[PDB]
Every structure is written in C-alpha cells, then in structure tokens.
Amino acid sequence: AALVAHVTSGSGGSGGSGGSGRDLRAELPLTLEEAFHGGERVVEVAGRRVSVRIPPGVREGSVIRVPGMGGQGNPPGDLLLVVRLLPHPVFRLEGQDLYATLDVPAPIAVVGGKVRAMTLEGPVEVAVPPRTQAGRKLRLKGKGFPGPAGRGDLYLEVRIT
C-alpha cells in the first residue's frame, strides 16, 4: 500500500461498536495534508488491494470505519484504519475548527500587512490587524474542516518576531 503499513491486532481506539462479521484492523502513517485531503488511496490488507477513501477531518489516533472492506460477504465487516500523523505538526483540528501558529515580522504586525500562512489546502493570505498583538488568533472563516455547522475556521496564533 501507499500510506497503509499492514494488518495489525489491537490497532487503537478499542471501543468502536462494529464488525458484524470479520474485523480488519490496520495502522498507517498519515500526512497532515492527507488528514485534510481524504481521497482514494491504496490499502493492502491480507493481500487484498482496495482503493479506500478515508473521510476528511481525521487526526493522530483517529480510527476510521470503512464498511464492506473487512468482512467480505453479505454481513458487512469494516476496516478500522488508525492513522498516525507525522512527527511534524502545524494544524490542530479541534472538532471542526483549526489552530495553526502564524509568525509575522514586527514591521508587518504594526502596519497591518499580509502574510502567506501555510494550510493543508494550499496557501492562504492573512491580512494581520494594524498594530496587532502576539498571542492573538486570526480567524480565517471557511478555511476549517467539514462538520455539523458546514465548514469551520482557522485560528492563527500570532507571533510578532
């Protein structure tokens, strides 16, 4: 597989009511960007190659249920993919909302210029408040993850350096 390592036992989050057949369990190193993207990636479980589309809005230790993929038959069994985000973090998904650190120079902070902040969809350009403060969260709405309230928003933790 691409990101999926292989089948394991006691993968993570042992308390998910499912199976109803054969439980397939597997862990995979996931990129932060792929936690956002949630597209079709190849899984290799017991020599079975399928294209699995895990849902956007996934995190470190997040257990993903894909029905029909575990128990191959009429009683649908699922595959619990416990993803393992890279030792590189930047974006904290809290439910539907984001927190990512924004380090701006003091010249831009005081004039209230614009800084390109890296996000999991690409580049966003945040216009910092004129004479902004370090420790603030710059709310870029419609730049969060999916959820109950539609799409969330990004809180940029300003560092006037």
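Details
- Reachable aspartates and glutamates from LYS143, criterion Cα separation under 12 angstrom, eight or more residues apart if same chain: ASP97, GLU121, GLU125, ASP153
- Whether the range 32-141 is rounded, prolate or oblate, judged on the alpha carbon gyration tensor where a/c under 1.5 counts as rounded: prolate
- Net charge contributed by nearby residues that have their C-beta within less than 12 Å of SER17 (K/R +1, D/E -1): -1
- As computed over the range 89-161, the Cα convex hull volume per residue (Å³): 78
- The range 72-146-the range 1-59 distance, computed between alpha-carbon centres (Å): 24
- Only helices enter this figure: runs of n ≥ 4 DSSP H residues, each worth -39500 (n - 2.57), summed and divided by the residues of the chain, yield -1500 deg cm²/dmol at 222 nm to the nearest 500.
- Label-to-label distance, nm, for residues given as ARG53 and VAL110 (7 Å Cα→Cβ offset): 5.1
- As a ratio to 2.2 N^0.38 Å, the alpha-carbon radius of gyration computed for the range 1-88 takes the value 1.00.
- Residues whose placed amide H lies under 5 Å from that of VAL124, excluding near-sequence neighbours: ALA117, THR119
- Proximal charge balance of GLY135 [Cβ under 9 Å; K/R count +1, D/E count -1]: +2
Counting neighbours? That spans all protein chains shown, and the Cβs are built from the backbone with ideal geometry, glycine included. Coordinate-derived values only; no laboratory data.
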